[PDB]
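Text of the file structure.txt, holding compact mmCIF, C-alpha atoms:
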```
# COMPACT_ATOMS: atom_id res chain seq x y z
CA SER A 108 5.95 -5.25 -16.53
CA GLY A 109 3.95 -8.19 -17.91
CA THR A 110 0.62 -6.38 -17.91
CA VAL A 111 -2.06 -5.80 -20.53
CA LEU A 112 -5.47 -6.95 -21.69
CA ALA A 113 -6.48 -10.50 -21.02
CA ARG A 114 -9.71 -12.40 -21.41
CA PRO A 115 -11.36 -13.81 -18.25
CA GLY A 116 -9.71 -17.06 -17.22
CA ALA A 117 -6.44 -16.19 -18.82
CA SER A 118 -3.07 -16.27 -17.12
CA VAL A 119 -0.32 -13.69 -16.81
CA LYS A 120 3.06 -13.25 -15.13
CA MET A 121 4.10 -9.85 -13.89
CA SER A 122 7.67 -9.02 -13.04
CA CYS A 123 9.36 -6.51 -10.78
CA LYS A 124 13.01 -5.48 -11.25
CA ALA A 125 14.74 -4.21 -8.14
CA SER A 126 17.90 -2.12 -7.91
CA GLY A 127 19.21 0.17 -5.22
CA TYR A 128 19.36 -2.74 -2.89
CA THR A 129 20.48 -6.30 -3.34
CA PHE A 130 17.53 -7.69 -1.44
CA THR A 131 14.55 -6.46 0.50
CA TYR A 132 13.24 -8.40 3.47
CA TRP A 133 9.74 -8.65 2.11
CA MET A 134 8.45 -7.90 -1.34
CA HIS A 135 4.82 -7.39 -1.67
CA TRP A 136 2.35 -7.17 -4.52
CA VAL A 137 -0.39 -4.57 -4.01
CA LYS A 138 -2.99 -3.50 -6.53
CA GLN A 139 -5.13 -0.41 -7.07
CA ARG A 140 -8.47 -0.81 -8.82
CA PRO A 141 -9.87 1.81 -11.22
CA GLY A 142 -12.12 3.13 -8.48
CA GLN A 143 -8.90 3.91 -6.59
CA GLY A 144 -9.22 1.18 -3.93
CA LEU A 145 -5.99 -0.48 -2.77
CA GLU A 146 -5.73 -4.23 -2.13
CA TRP A 147 -3.07 -6.55 -0.79
CA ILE A 148 -2.41 -9.31 -3.26
CA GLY A 149 0.43 -11.36 -1.80
CA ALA A 150 3.74 -11.55 0.06
CA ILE A 151 6.71 -13.93 -0.35
CA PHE A 152 9.87 -14.31 1.45
CA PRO A 153 12.44 -15.26 -1.15
CA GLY A 154 15.07 -17.79 -0.26
CA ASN A 155 12.58 -20.09 1.37
CA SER A 156 9.69 -19.29 -0.91
CA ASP A 157 7.09 -18.83 1.82
CA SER A 158 3.92 -17.12 0.62
CA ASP A 159 0.70 -15.63 2.02
CA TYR A 160 -2.36 -14.28 0.11
CA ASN A 161 -5.90 -13.23 0.92
CA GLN A 162 -8.81 -15.47 -0.05
CA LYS A 163 -9.41 -13.16 -2.95
CA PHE A 164 -6.61 -14.65 -4.95
CA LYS A 165 -5.81 -17.73 -2.87
CA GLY A 166 -5.04 -20.64 -5.13
CA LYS A 167 -4.84 -18.52 -8.30
CA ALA A 168 -1.97 -16.14 -7.87
CA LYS A 169 1.50 -17.30 -7.01
CA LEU A 170 4.20 -15.01 -5.87
CA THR A 171 7.83 -15.91 -6.25
CA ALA A 172 11.27 -14.45 -6.61
CA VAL A 173 14.85 -14.82 -7.70
CA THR A 174 17.34 -13.50 -5.13
CA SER A 175 20.03 -13.95 -7.82
CA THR A 176 18.52 -12.05 -10.74
CA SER A 177 16.74 -9.58 -8.43
CA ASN A 178 13.25 -10.31 -9.71
CA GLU A 179 9.87 -10.50 -8.11
CA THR A 180 7.11 -12.46 -9.88
CA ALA A 181 3.34 -12.67 -9.72
CA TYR A 182 1.75 -15.50 -11.70
CA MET A 183 -1.96 -14.89 -12.04
CA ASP A 184 -4.09 -17.74 -13.22
CA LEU A 185 -7.81 -18.06 -13.91
CA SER A 186 -8.05 -14.31 -14.08
CA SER A 187 -11.40 -12.81 -13.09
CA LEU A 188 -12.83 -9.41 -14.15
CA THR A 189 -12.22 -8.13 -10.62
CA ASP A 190 -8.44 -8.52 -11.02
CA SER A 191 -8.40 -5.53 -13.35
CA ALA A 192 -6.17 -2.95 -11.66
CA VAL A 193 -2.72 -1.41 -11.49
CA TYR A 194 -0.18 -3.71 -9.91
CA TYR A 195 2.69 -2.55 -7.76
CA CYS A 196 5.43 -4.23 -5.78
CA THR A 197 7.12 -2.92 -2.67
CA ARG A 198 9.72 -3.82 -0.08
CA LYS A 199 8.91 -4.08 3.56
CA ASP A 200 11.84 -2.91 5.57
CA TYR A 201 12.64 -4.82 8.74
CA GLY A 202 11.40 -2.52 11.47
CA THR A 203 8.98 -1.00 9.04
CA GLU A 204 5.37 -1.58 8.97
CA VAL A 205 3.49 -1.60 5.75
CA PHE A 206 5.03 -1.99 2.40
CA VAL A 207 7.08 0.81 0.97
CA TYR A 208 6.88 1.97 -2.67
CA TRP A 209 9.30 1.71 -5.61
CA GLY A 210 7.11 0.39 -8.39
CA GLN A 211 5.58 2.67 -11.00
CA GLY A 212 2.72 0.29 -11.76
CA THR A 213 1.68 -1.94 -14.65
CA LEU A 214 -1.99 -2.08 -15.65
CA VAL A 215 -3.71 -5.42 -16.09
CA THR A 216 -7.13 -5.37 -17.69
CA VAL A 217 -9.40 -8.47 -17.68
CA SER A 218 -12.21 -8.21 -20.23
CA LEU B 1 -9.02 -4.91 8.71
CA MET B 2 -9.52 -1.11 8.54
CA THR B 3 -12.14 1.71 8.40
CA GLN B 4 -11.10 5.23 7.36
CA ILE B 5 -13.25 8.27 7.99
CA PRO B 6 -13.84 10.77 6.52
CA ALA B 7 -14.12 9.95 2.82
CA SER B 8 -13.68 13.52 1.52
CA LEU B 9 -11.92 16.35 3.36
CA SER B 10 -12.17 19.90 2.07
CA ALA B 11 -9.60 22.03 3.77
CA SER B 12 -8.17 25.52 3.33
CA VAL B 13 -4.47 26.19 3.00
CA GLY B 14 -2.99 26.75 6.43
CA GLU B 15 -5.75 24.66 8.04
CA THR B 16 -5.19 21.58 10.12
CA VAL B 17 -6.68 18.29 9.16
CA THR B 18 -7.10 14.89 10.85
CA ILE B 19 -7.78 11.54 9.17
CA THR B 20 -8.42 8.51 11.40
CA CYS B 21 -8.57 4.74 11.07
CA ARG B 22 -9.97 1.99 13.20
CA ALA B 23 -9.24 -1.71 13.25
CA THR B 24 -11.11 -4.80 14.28
CA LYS B 25 -8.50 -6.22 16.63
CA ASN B 26 -5.69 -4.81 18.73
CA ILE B 27 -2.71 -3.98 16.62
CA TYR B 28 -0.41 -2.29 19.10
CA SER B 29 1.22 0.58 17.24
CA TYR B 30 1.73 -1.17 14.02
CA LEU B 31 0.24 1.30 11.52
CA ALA B 32 1.37 3.48 8.64
CA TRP B 33 0.11 6.25 6.41
CA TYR B 34 0.49 6.70 2.64
CA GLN B 35 -0.12 9.70 0.40
CA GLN B 36 -0.94 8.96 -3.25
CA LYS B 37 -0.51 12.26 -4.99
CA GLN B 38 -2.52 12.32 -8.16
CA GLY B 39 -0.99 10.50 -11.10
CA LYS B 40 1.70 8.81 -9.03
CA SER B 41 2.36 5.77 -6.92
CA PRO B 42 1.66 6.04 -3.19
CA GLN B 43 4.43 7.17 -0.85
CA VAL B 44 5.20 6.62 2.82
CA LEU B 45 4.70 9.37 5.39
CA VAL B 46 4.59 7.74 8.86
CA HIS B 47 5.26 4.12 9.95
CA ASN B 48 5.35 2.54 13.46
CA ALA B 49 2.36 4.75 14.33
CA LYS B 50 4.25 7.96 14.92
CA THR B 51 7.66 7.57 13.27
CA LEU B 52 8.15 10.04 10.42
CA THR B 53 9.51 8.65 7.22
CA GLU B 54 12.70 10.00 5.70
CA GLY B 55 12.00 13.27 3.75
CA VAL B 56 8.52 13.88 5.17
CA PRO B 57 8.10 17.39 6.61
CA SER B 58 7.08 17.66 10.25
CA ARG B 59 3.65 19.07 9.41
CA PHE B 60 2.60 15.42 9.39
CA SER B 61 2.35 13.51 12.65
CA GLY B 62 0.72 10.22 13.64
CA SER B 63 -0.78 8.90 16.87
CA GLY B 64 -3.31 6.33 18.06
CA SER B 65 -4.13 3.64 20.64
CA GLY B 66 -5.71 0.19 20.64
CA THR B 67 -7.66 0.38 17.48
CA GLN B 68 -7.79 4.08 16.45
CA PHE B 69 -4.98 5.95 14.81
CA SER B 70 -4.96 9.48 13.42
CA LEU B 71 -2.83 11.38 10.93
CA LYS B 72 -2.64 15.12 11.48
CA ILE B 73 -1.40 17.85 9.17
CA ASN B 74 -0.89 21.05 11.15
CA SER B 75 -0.62 23.55 8.30
CA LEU B 76 -1.97 22.18 5.03
CA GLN B 77 0.13 23.21 2.07
CA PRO B 78 -0.69 22.94 -1.64
CA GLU B 79 1.47 19.88 -2.28
CA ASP B 80 -0.52 17.84 0.27
CA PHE B 81 -3.58 17.19 -1.92
CA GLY B 82 -4.19 13.59 -2.95
CA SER B 83 -5.68 10.46 -1.31
CA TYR B 84 -4.34 9.27 2.03
CA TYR B 85 -4.48 5.61 3.07
CA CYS B 86 -3.75 4.02 6.44
CA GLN B 87 -2.60 0.39 6.51
CA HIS B 88 -2.18 -1.94 9.45
CA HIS B 89 1.08 -3.88 9.82
CA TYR B 90 0.14 -6.07 12.62
CA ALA B 91 0.28 -9.66 11.37
CA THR B 92 -0.62 -10.68 7.86
CA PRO B 93 -2.45 -9.80 5.76
CA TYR B 94 -1.73 -6.18 5.76
CA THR B 95 -4.86 -4.39 4.64
CA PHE B 96 -5.28 -0.72 3.78
CA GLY B 97 -8.01 1.76 4.63
CA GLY B 98 -10.44 2.84 1.91
CA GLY B 99 -8.86 6.29 1.53
CA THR B 100 -9.62 9.94 2.37
CA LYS B 101 -9.34 12.45 -0.50
CA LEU B 102 -7.99 15.81 0.62
CA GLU B 103 -9.01 18.67 -1.62
CA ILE B 104 -7.75 22.20 -1.26
CA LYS B 105 -10.47 24.78 -0.71
CA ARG B 106 -9.66 27.76 -2.89
CA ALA B 107 -11.39 30.94 -4.02
```

Could I get this structure in the form of structure tokens?
Amino acid sequence: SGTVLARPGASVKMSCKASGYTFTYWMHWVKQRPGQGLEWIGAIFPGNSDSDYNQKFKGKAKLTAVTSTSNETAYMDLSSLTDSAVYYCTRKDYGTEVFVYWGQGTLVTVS
Amino acid sequence: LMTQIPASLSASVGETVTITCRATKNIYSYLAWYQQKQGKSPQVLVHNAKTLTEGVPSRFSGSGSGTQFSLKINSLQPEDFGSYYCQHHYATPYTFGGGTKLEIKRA
């Protein structure tokens, strides 16, 4: 949740409520643009707050989490038109590779 | 990064299909495959190059070396239509392939 229409330059905070597990080893934000392309937005290791992002959103988005309340956050700032897309979060299991689903989406639209 | 070919893949039920990806650097066997059925979130099929994910039927198999990895469906069934995506998991950032839409050839 946290999505919706926002004017270019605006800010927005998405959330991600987990249940099933008390913690995943890596939670990821990944988006899918209207032309169906998938992009990696960020990844944070909670409980130390380390982060990593592509240049695309470097310095504008800020991933974070709350190991206590079981929440994953994405704080987008200085939104651009190209950030329009569906946003998902996923856990990356230990000996697993890429990031594995559990989010149903949440459409952000910058216009 | 990643390159996925082909873009579209018309296939008949029962047919076999192969979708491949290539990378720019050596990524060992760190590679997975996602199926995004239409109107749904993506789902995992294979991870660790060849390891089948929980619940996935054995008609799907993965393989690959150095840079090139392939997903194969031996007998395509109706439920398998949608867009497939590879994604590397060797070192950050993990980046996904552009996608291959599988459409079922029908009468």

Box for region 148-161 of chain A - axis-aligned, 8 Å on each of the six sides, all listed atoms - centre and size in Å to one decimal, as lines of an AutoDock Vina configuration file.
```
center_x = 4.6
center_y = -14.7
center_z = -0.6
size_x = 37.0
size_y = 26.8
size_z = 21.3
```

- Item | d(CA of residue 56 (chain B), CA of residue 44 (chain B)) in Å |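 Going from CA of residue 56 (chain B) over to CA of residue 44 (chain B) covers 8.3 Å.
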
- Compute the set of chain A residues within 9 Å of chain B, using only C-alpha atoms, and express it as a list in words. residues 143, 144, 145, 146, 147, 149, 150, 159, 160, 161, 195, 202, 203, 204, 205, 206, 207, 208, 209, 210, 211 and 212 of chain A

- Message: Counting all atoms listed in the file, which residue out of B:101, B:106, B:50, B:22 sits closest to residue 71 (chain B)?
- Response: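 Counting all atoms listed in the file, the residue closest to residue 71 (chain B) is B:50.
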
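Considering only C-alpha atoms, the residue among A:152, A:164, A:194, A:201 positioned nearest to residue 121 (chain A) is A:194.
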
- Message: My list of candidates is A:217, A:193, A:186, A:174. Which is closest to residue 128 (chain A) when distances are computed with only C-alpha atoms?
- Response: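 Ranked by minimum distance to residue 128 (chain A), first place goes to A:174.
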
- Spatial neighbours of residue 8 (chain B), 8 Å, only C-alpha atoms, chain gap at least 4 places, as a ChimeraX atom specification: /B:100-103

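The gap separating CA of residue 25 (chain B) from CA of residue 9 (chain B) is 26.4 Å, in Å to one decimal.
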
- Task: May I ask for the distance between CA of residue 138 (chain A) and CA of residue 189 (chain A), given in Å to one decimal place?
- Result: 11.1 Å

Could you pull out every residue with an atom within 10 Å of (7.9, -19.9, -7.5), file coordinates, counting only C-alpha atoms, and send them as a PDB file with C-alpha atoms, in the frame of the given file?
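Writing done, so here's selection_32.pdb:
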```pdb
ATOM      1  CA  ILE A 151       6.710 -13.930  -0.350  1.00  0.00           C
ATOM      2  CA  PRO A 153      12.440 -15.260  -1.150  1.00  0.00           C
ATOM      3  CA  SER A 156       9.690 -19.290  -0.910  1.00  0.00           C
ATOM      4  CA  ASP A 157       7.090 -18.830   1.820  1.00  0.00           C
ATOM      5  CA  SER A 158       3.920 -17.120   0.620  1.00  0.00           C
ATOM      6  CA  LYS A 169       1.500 -17.300  -7.010  1.00  0.00           C
ATOM      7  CA  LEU A 170       4.200 -15.010  -5.870  1.00  0.00           C
ATOM      8  CA  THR A 171       7.830 -15.910  -6.250  1.00  0.00           C
ATOM      9  CA  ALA A 172      11.270 -14.450  -6.610  1.00  0.00           C
ATOM     10  CA  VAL A 173      14.850 -14.820  -7.700  1.00  0.00           C
ATOM     11  CA  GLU A 179       9.870 -10.500  -8.110  1.00  0.00           C
ATOM     12  CA  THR A 180       7.110 -12.460  -9.880  1.00  0.00           C
ATOM     13  CA  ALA A 181       3.340 -12.670  -9.720  1.00  0.00           C
ATOM     14  CA  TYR A 182       1.750 -15.500 -11.700  1.00  0.00           C
TER      15      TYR A 182
END
```

- Task: Would you mind listing what lies within 12 Å of residue 78 (chain B) as a ChimeraX atom specification, with all atoms listed in the file counted and same-chain residues fewer than 4 positions away left out?
- Result: /B:11-15,37,73,82,102-106

I want to know what sits within 10 Å of residue 129 (chain A), based on all atoms listed in the file, with residues of the same chain fewer than 6 positions away left out; could you give that as a CSV table (one decimal) with C-alpha atoms, keeping the file's coordinate frame?
```csv
chain,number,residue,atom,x,y,z
A,174,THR,CA,17.3,-13.5,-5.1
A,175,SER,CA,20.0,-14.0,-7.8
A,176,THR,CA,18.5,-12.0,-10.7
A,177,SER,CA,16.7,-9.6,-8.4
```

- Message: When you count only C-alpha atoms, which of these residues is closest to residue 26 (chain B): B:74, B:84, B:107, B:69?
- Response: B:69
